[PDB]
Every structure is written in structure tokens, then in C-alpha cells.
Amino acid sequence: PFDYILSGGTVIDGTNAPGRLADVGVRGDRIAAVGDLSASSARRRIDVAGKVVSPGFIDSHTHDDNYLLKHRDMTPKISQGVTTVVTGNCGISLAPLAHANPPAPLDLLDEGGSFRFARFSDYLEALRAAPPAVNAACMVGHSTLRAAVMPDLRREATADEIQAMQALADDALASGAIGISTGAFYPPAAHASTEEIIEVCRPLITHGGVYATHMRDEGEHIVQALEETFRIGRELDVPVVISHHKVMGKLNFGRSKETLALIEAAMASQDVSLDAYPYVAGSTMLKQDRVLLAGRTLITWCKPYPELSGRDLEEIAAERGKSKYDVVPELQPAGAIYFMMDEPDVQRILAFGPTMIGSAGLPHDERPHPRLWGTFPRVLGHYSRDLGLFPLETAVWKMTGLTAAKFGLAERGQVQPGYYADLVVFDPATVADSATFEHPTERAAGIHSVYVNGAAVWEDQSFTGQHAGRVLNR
């Protein structure tokens, strides 16, 4: 007998096909059957008429490394229909690193003494012993490796340092990591050469992981940054993932036509993937960057002056008698929101066939960017339904079947008999992002229920208490 059957709704199976009326039966952690299940014995038959039953959403780009440990409920994500998170992005992973004051942007994951894992396996063991509500597919970050090995980060690494990082990377992959990420855009790795990155990531071909990256530059020199990424992919002969694709700065608006053309061409000869979030503003560490600081900038958190959280940097700078760029040093470490993208580009990038959906949420921020709470429903509601950017089945595919395939998450991302029971029940007519820049933590509308490995984790707009997540392997 099945444990339960979700009956009377429309199934959008995650393979990018129009929805069809069908029931979904679950037994244990597996989807036992799909179709007319009136003839199958079940302990419960849940009515989901008027709703859509789809695979659970996979967040391709998260910074939930530590949040998974400190807030197992994972409300910001499960309330949106997310059932699996990919961690350790942009070169930033919680482990391996025992440091009491990690350099920005590593501090985006810190709640105070959070970096206590000497080995990557110790981190994975912790997750398994006290599982979060969602599954976790973890990557190790290059900048974290640099911080753990190099006494001085403002220079290229020596052969001995490269060997040390490569050993740590290898141990992480052997322990279960699904890949390695880099973020040469940031201070900790700005001095890292392309060859340093290649040598540190060589274990990928032996273990079969992916290479993810926050490119060295996403503005004036984005073409060069794209080429470096493609080159790294060919040298390693491993798939590459371009994180949160965008063209930032007024002088780069409209250039998504150009960048997408380059990516499409690369996909013809090598393995390339990419993800993005549905907003015109970015967010990360407060940084002395003239392009990032060109437009409206809001503080998310500030260590030396906590009261600045939520304020407009222009006011702060002006009142201190300095430019936004010159006032940054005295306010660090801190975080911010940067309005430096244009709607047309965001829409073009989201619509681009292979683009997967990733939130890039920064969960520890005092006053966070709303993407943390509304990314997925904003794509299903605002963009798919209201603007008609793509049909619903395609919008779902972009956060389920496509993502599972690119990260190698076997038996997930599809509503198919035999696959794991990560599922979402939502109302297509009302699903929508409620979070706004003004009120960034509002819960999404239209999300009826969410299941992970067969257990309901979100019901009646609340965490059920089921710590059903598992550490996944590629």
C-alpha cells in the first residue's frame, strides 16, 4: 500500500511537457506510481484538485552552507517550494577552515565562530547527524582553501600552497563534495592565476564533479571572464556552471544578447551551464567597486556600525562628507544590495533556454535582498503566468529536471515512478513572490505543501518538524 496519494491535480513532471491530470502515489522515500491511481491501495488520499503537483525545486545557487546547520527548518527556502540546495558557491564554502575571523566575503556565512570545521568530511558528518529540512549537494570553495593554506592572500600561490589546496580539494571530493567553486572577483582570490585554479581543481576529472564560478568580472570585462571560464572547462574536461549570469553597469545594459550568444556557441563544443535570479539588484559584501556602487546601494548589515542596516549608502556617505566609494573602508566589514542591472537583460537571461534558477540568497543578512524569500514563486507567477515569459511547464523544468541533470542528482527533479519523492503542490493561479525590497522576508503565496524524500516539510504555512534532508552525492 502507498503511504499516501496526491489526487485530483495536474502533474507537471519536470521534463518540460504540458501538465496532465494525474495522481501521484508515494511509498517511503519514493514515488511509487503516477496516473489514475484509484485502483492502488493507499493509507491516505489527499485532494489537490485545482493544484499542480511538480518535482521539488532545486536551488542551483545558495549560500546556505552554515544556515543548514544553524537553522535546520530552512524556512526561507521550503516556504518557496525548495527541496534541495546546492552549497559552497562563488569560492565560498564553510569548510575546510578553522578561523575566528575569515576575510570577506567568507563572513557572509558567519554567525560568530562558525568556521570550526578542520576537514570537509567533518562538515558533511555534522549535516548527516542533524539533518536539515532540505537535501544538500555541497561544493568546496577555492577561496576557503586559500584562506586555509596561504599566510598571505594578495599574491599568486606557490607550488607548495597549490599542492596543499589540491590535497584538501581531493579529500573533499572523496568525502562527498559534488564539485569545486571559485570567485576570483573577490579579494581573497583576486590574485589567483588561471593556472592556479586549474591545478587546484584537477581532482574533478578523477572524482567526476563540476566546476562552478562567480566569474572574475561581470561588466566591462565580462567577455574576457567568460573566455577564462571556458578555457578552464577545456583544460579540466569537466562541466562548468556560470553562476548568477548578468551584465552589470549602465554601460553594459543590453549586452546580454552578446554574452548569451557566446555561451550558446560554447555549449556546442563543450559542457556549459548557467543560472540566474529574477531581480535587477545584486547583493554581497560591501566592496570598494565603482561599478557596483554606481547606482542605488542599500546596507544589509554592518559590523562596526550595526545601526546602518537598511540605510541608503548615499545618505551615509554624504553625511560623513565622502563619496560612496571612499566611505566603504571605514564601514567594513558589511554587506549591501546593489541596483546595477536592467530588466530587459534579466528577462532575456531568464528566457534563455538552458538558464536554471538560483536564488543567491544570503540567509544571515539582517536586512536581506528579497531573492532569499521569493525567487522561485517570482519565476512561476510574475514571469511565467503574468508576463508570459515562458509556459509553466518550462518554468518548472528550469528549477527541477534541468538542474538535477546538470548537477548529476540522480533520481530527483522528475515526477517519475522510482524517483525520490521530493515534491511541491502549488496553485498555478495564485503562486507569487510576496517579498519586496521594503519587506524582504514575506512568505510566498500559493505554496500549498512541500515534500522531501516523501515526508511533508511544509504544510499549513509552517515547518512540519520533519528533518528529512539528506547529503547528496554526484
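Residue indices: 1-based, along the sequence shown.
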* **Average Cα temperature factor in the PDB entry - higher stretch of 117-125, 376-384** => 117-125
* Pick between 73-81 and 102-110: the one whose mean CA B-factor in the entry is higher. => 102-110
* To do: Name the one of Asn135, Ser323, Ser143, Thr394 with the greatest CA B-factor according to the PDB entry.
  => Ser323
* Structure fact -> Residue set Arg367, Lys246, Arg371, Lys250, per-entry CA B-factor max assigned to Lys250
* Asked: Which third of the chain holds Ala192 when residues are ordered by C-alpha B factor: lowest, middle or highest?
  -> highest
* Would you please rank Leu6 by its C-alpha temperature factor against the other modelled residues of its chain and give the third it falls in: lowest, middle or highest? => middle
* Which third of the chain holds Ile46 when residues are ordered by C-alpha B factor: lowest, middle or highest? -> highest
* Asked: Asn453's Cα B-factor: lowest, middle or highest third of the chain?
  -> lowest
* Structure fact -> So, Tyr305's CA B-factor, relative to its chain, sits in which third? The highest
